[PDB]
Amino acid sequence: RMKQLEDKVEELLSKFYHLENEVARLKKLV
Amino acid sequence: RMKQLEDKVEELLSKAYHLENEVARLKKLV
Amino acid sequence: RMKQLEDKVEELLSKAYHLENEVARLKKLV
Ligand code: NA
Ligand code: NA
C-alpha cells in the first residue's frame, strides 16, 4: 500500500510547490 | 509506522486544501 | 521504503508550517 501513499506524497509535493509560488506571488503584490 | 504515515499524509492533504483557500482569499485582497 | 516517506513528510510538514506562517503574515497586511 506504499504505492498509494507514494502517489499521494507526490501529489502533496506538487500542491506545496504551487502554494509556494502563489504565496510568493502575493508577497510581491502586498 | 505505516498507518501513521498514511494518516499524516491525509492530515497534510487537507491542510493543503485549507491553505489553497486561504491563498485564494488573500488574492482577492492583493 | 517507509523512511523515504517519513523524510518527505517531515519536509512537507516544514513547508506546510512555513506556508501557514506566510499566510498568517499576508493576512496581517492587506
Ligand atoms: Na478560506
Ligand atoms: Na486568506
# chains A, B, ... in the order shown; residues from 1 in each chain; ligands from 1
call {"tool": "calpha_fit_rmsd", "arguments": {"fixed": "chain C", "moving": "chain B"}}
result
0.7 Å
call {"tool": "interface_residues", "arguments": {"of": "chain C", "to": "chain A", "cutoff": "8 Å", "atoms": "only C-alpha atoms", "output": "number ranges by chain"}}
result
C: 2, 5, 8-9, 12, 15-16, 19, 22-23, 26, 29-30
call {"tool": "write_last_selection", "arguments": {"atoms": "N, CA and C atoms", "output": "PDB file, in the first residue's frame"}}
result
ATOM      1  N   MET C   2       9.688   2.928   3.957  1.00  0.00           N
ATOM      2  CA  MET C   2       8.957   3.882   4.784  1.00  0.00           C
ATOM      3  C   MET C   2       9.816   5.092   5.144  1.00  0.00           C
ATOM      4  N   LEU C   5       9.537   7.961   2.924  1.00  0.00           N
ATOM      5  CA  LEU C   5       8.256   8.639   3.051  1.00  0.00           C
ATOM      6  C   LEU C   5       8.228   9.536   4.284  1.00  0.00           C
ATOM      7  N   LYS C   8      10.171  12.652   3.465  1.00  0.00           N
ATOM      8  CA  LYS C   8       9.362  13.533   2.632  1.00  0.00           C
ATOM      9  C   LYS C   8       8.289  14.242   3.446  1.00  0.00           C
ATOM     10  N   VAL C   9       7.627  13.502   4.341  1.00  0.00           N
ATOM     11  CA  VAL C   9       6.544  14.082   5.126  1.00  0.00           C
ATOM     12  C   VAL C   9       7.094  15.158   6.038  1.00  0.00           C
ATOM     13  N   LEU C  12       7.402  18.168   3.940  1.00  0.00           N
ATOM     14  CA  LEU C  12       6.125  18.816   3.650  1.00  0.00           C
ATOM     15  C   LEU C  12       5.541  19.427   4.897  1.00  0.00           C
ATOM     16  N   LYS C  15       7.306  22.670   5.191  1.00  0.00           N
ATOM     17  CA  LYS C  15       6.709  23.554   4.194  1.00  0.00           C
ATOM     18  C   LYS C  15       5.348  24.022   4.655  1.00  0.00           C
ATOM     19  N   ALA C  16       4.499  23.077   5.055  1.00  0.00           N
ATOM     20  CA  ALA C  16       3.148  23.427   5.487  1.00  0.00           C
ATOM     21  C   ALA C  16       3.195  24.448   6.601  1.00  0.00           C
ATOM     22  N   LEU C  19       4.350  27.828   5.136  1.00  0.00           N
ATOM     23  CA  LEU C  19       3.244  28.442   4.404  1.00  0.00           C
ATOM     24  C   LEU C  19       2.185  28.974   5.374  1.00  0.00           C
ATOM     25  N   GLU C  22       3.554  32.202   6.497  1.00  0.00           N
ATOM     26  CA  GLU C  22       3.465  33.185   5.423  1.00  0.00           C
ATOM     27  C   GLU C  22       2.029  33.645   5.205  1.00  0.00           C
ATOM     28  N   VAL C  23       1.076  32.710   5.250  1.00  0.00           N
ATOM     29  CA  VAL C  23      -0.337  33.064   5.154  1.00  0.00           C
ATOM     30  C   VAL C  23      -0.728  33.977   6.308  1.00  0.00           C
ATOM     31  N   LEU C  26       0.652  37.419   5.498  1.00  0.00           N
ATOM     32  CA  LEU C  26      -0.040  38.168   4.462  1.00  0.00           C
ATOM     33  C   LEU C  26      -1.383  38.671   4.965  1.00  0.00           C
ATOM     34  N   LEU C  29      -1.453  41.974   6.494  1.00  0.00           N
ATOM     35  CA  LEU C  29      -1.014  43.111   5.691  1.00  0.00           C
ATOM     36  C   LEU C  29      -1.808  43.423   4.433  1.00  0.00           C
ATOM     37  N   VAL C  30      -3.020  42.914   4.286  1.00  0.00           N
ATOM     38  CA  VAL C  30      -3.881  43.543   3.325  1.00  0.00           C
ATOM     39  C   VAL C  30      -4.471  44.797   3.945  1.00  0.00           C
TER      40      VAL C  30
END
call {"tool": "residues_near_ligand", "arguments": {"ligand": "ligand 1", "cutoff": "7 Å", "atoms": "only C-alpha atoms and all ligand atoms", "output": "number ranges by chain"}}
result
B: 18, 21-22, 24-25
call {"tool": "atom_distance", "arguments": {"atom1": "atom CA of residue 6 of chain C", "atom2": "atom CA of residue 1 of chain B"}}
result
8.9 Å
call {"tool": "atom_distance", "arguments": {"atom1": "atom CA of residue 28 of chain C", "atom2": "atom 1 (Na, counted along the ligand's line) of ligand 2"}}
result
9.9 Å
call {"tool": "atom_distance", "arguments": {"atom1": "atom CA of residue 20 of chain C", "atom2": "atom CA of residue 27 of chain B"}}
result
15.4 Å
